[PDB]
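*Asks:* PDB entry and its sequence, pasted below:
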Amino acid sequence: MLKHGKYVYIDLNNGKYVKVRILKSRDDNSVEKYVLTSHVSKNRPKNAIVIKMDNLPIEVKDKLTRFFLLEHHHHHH
């Protein structure tokens, strides 16, 4: 609505993708504020734009992790 947030998917690549709302805040400046939700879709999109986890901040990845992933292999150690 009014061009502020777009929905893209994060390339979790783990069999599911998370539908992330990227708040493009041109009003802010040009900073893309990432949504706090980790809503995953079963759908692995080809047409939609996927952004890899590598681009996502530590807290966003943490939310992804604590919700659906729960992976702790070599992180924090």
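*Replies:* Happy to help now that I have it. Numbering: from 1, shown residues only.
*Asks:* so what touches the longest strand seen in the chain?
*Replies:* As assigned by DSSP state E, the longest strand anywhere in the chain is strand 17-25. For strand 17-25, contacts defined as C-beta atoms under 8 Å, 6 or more residues apart in numbering pick out 3-12, 30-35, 37-41, 43-45, 50-51, 64, 68. To be clear about C-beta, it is placed using only N, CA and C from the backbone, and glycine gets the same treatment.
*Asks:* buried among these? Need that as a selection in PyMOL.
*Replies:* The following PyMOL line selects those of the contacts of strand 17-25 that are buried, judged by 16 or more other C-beta atoms under 10 Å:
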select buried, resi 8+9+10+11+12+34+35+38+40+50+51+64
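*Asks:* among the contacts of strand 17-25, name the ones in strands.
*Replies:* Mapping those onto strands (DSSP E) picks out 5-11, 31-34, 40-41, 50-51.
*Asks:* among those, which one sits closest to residue 75?
*Replies:* Residue 75 lies nearest to residue 10 out of the ones in strands among the contacts of strand 17-25, by C-beta to C-beta, at 16.8 Å.
*Asks:* specify the beta-bridge partners of the closest one.
*Replies:* Beta bridges link residue 10 to residue 18, residue 51 when assigned by DSSP bridges.
*Asks:* ok, now which ones touch it?
*Replies:* Neighbour list for residue 10: 17-18, 20, 50-53, 56, 64 [criterion: C-beta under 8 Å, 6+ apart].
*Asks:* quick check: residue 71 vs residue 61, distance?
*Replies:* Residue 71 sits 10 Å away from residue 61, going by C-beta to C-beta, to the nearest Å.
*Asks:* what about the two, which has more around it?
*Replies:* Neighbour comparison, residue 71 and residue 61: the larger count goes to residue 61, with 18 against 10 (by other C-beta atoms under 10 Å).
*Asks:* so for that one, what's the nearest residue that isn't a sequence neighbour?
*Replies:* Excluding the flanking residues, the one nearest residue 61 by C-beta to C-beta, 6 or more residues apart in numbering is residue 53, at 6.0 Å.
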